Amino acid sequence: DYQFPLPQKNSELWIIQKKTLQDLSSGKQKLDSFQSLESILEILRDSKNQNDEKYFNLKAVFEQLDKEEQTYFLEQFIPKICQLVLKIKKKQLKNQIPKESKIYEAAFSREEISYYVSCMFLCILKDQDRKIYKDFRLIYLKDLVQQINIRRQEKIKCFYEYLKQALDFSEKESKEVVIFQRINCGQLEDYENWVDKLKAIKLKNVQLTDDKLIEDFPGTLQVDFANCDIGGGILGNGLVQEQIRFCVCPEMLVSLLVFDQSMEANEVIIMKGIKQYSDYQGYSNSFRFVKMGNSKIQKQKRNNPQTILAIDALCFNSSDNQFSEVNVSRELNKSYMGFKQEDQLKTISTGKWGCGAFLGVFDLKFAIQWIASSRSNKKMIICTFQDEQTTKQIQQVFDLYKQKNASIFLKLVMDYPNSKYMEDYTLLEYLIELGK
């Protein structure tokens, strides 16, 4: 098993880092400027060269604070997160690949999670043998493209907000359990096996929403449109569905420290006990951190933990046949293996999985997820992401095919590409035409 090294693993550097951290924590060294913070980050990173562009984005967030909160940041926040790092007892974190039909479960207390996120903030998580880092050093760094700096700053703001909150945890909240599971789901079923397994399965309920998002459905199994490397570009430039979820729920960051290796076709990830610390507006280059408000629903987002399912769709290019038996069976397996987890969460909250960055056609991905949900004997919520035309089409297909045989529905789907309808009709339009 790979062991991701924590700072204590490098015993000689840790002598230095520990003293640095302790004098900040105790107030023996008092930071008086942002430049003094740069200096301490340089020591912790064991930098060779001075280049203030290394902290450009962190400086931007700091300079947006008011003068009282700048003082707070230097004199209270940094020292307190140094103190969290000093609470770490482990020297490394296990990165296990489970055997067939087994799980690798990594449990942590909610405060422990905060210790590791503090490591990320202070740029002390790197495996020097592998030349891999799992901290905020890239996000801090000035990019040549302005919009990429703004993405990075906005991410920083979300992580900072979480760490402020984590510093204020009650003893009860601090000892709550956060669990990460890497689940090997056993043997892949091929396309003909799928057709056979579906023969007595009836399609189940779908609820459509055009104005709510996945994270708006507490109490459901909420889907992360993952990269096979959990988190994808969260510690770089990424800022679409998966990365936004990690920004609003930064406890998810610890998944990166236990799931180094890419998910296999028959693996899924579950994260349990995850709270939401930030709100947001926009998306990608328009994403901005929004402070969580104090309504009843917003307090609930902050206080009530959720379970997330991370499943990675295929990353298609334009020449791939998304309807091939091989590619359909791949997505049926990945979705169903995910959806059937957590059998007490009888509703799946999902949407355009694989159909943004990964170039999937949503008509087919809808059909595949509905088959998977149905086989798992769960209901599904589909978020259309402010796409009224898709909502209308899916509503018609749902009304026609609800409670119909799933095996035959799959076969009708798979007839589309060779049909007389392929040229002039979308998949959804063809499914409707079959009923005319």
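In this text, residue numbers run from 1 along the sequence as written.
With 58-66 and 41-49 compared on mean CA B-factor from the PDB entry, the stretch scoring higher is 41-49. In this entry, the higher average B-factor at the C-alpha atoms falls on 85-93, of the pair 85-93 and 358-366.
Across the residues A372, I408, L400, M380, the deposited record lists the maximum Cα B factor for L400.
Among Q322, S114, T307, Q187, the highest C-alpha B-factor recorded in the PDB entry belongs to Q187. Among all modelled residues in this chain, the alpha-carbon of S25 has a temperature factor (C-alpha) in the middle third. In the PDB entry, a CA B factor belonging to the lowest third of its chain's modelled residues is recorded for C119.
Residue-level temperature factors show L144 in the highest third of its chain, judged at the C-alpha atom. Ranked by Cα temperature factor within the chain, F180 sits in the middle third according to the deposited record.
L428: CA B factor lies in the middle third for its chain, per the PDB record.
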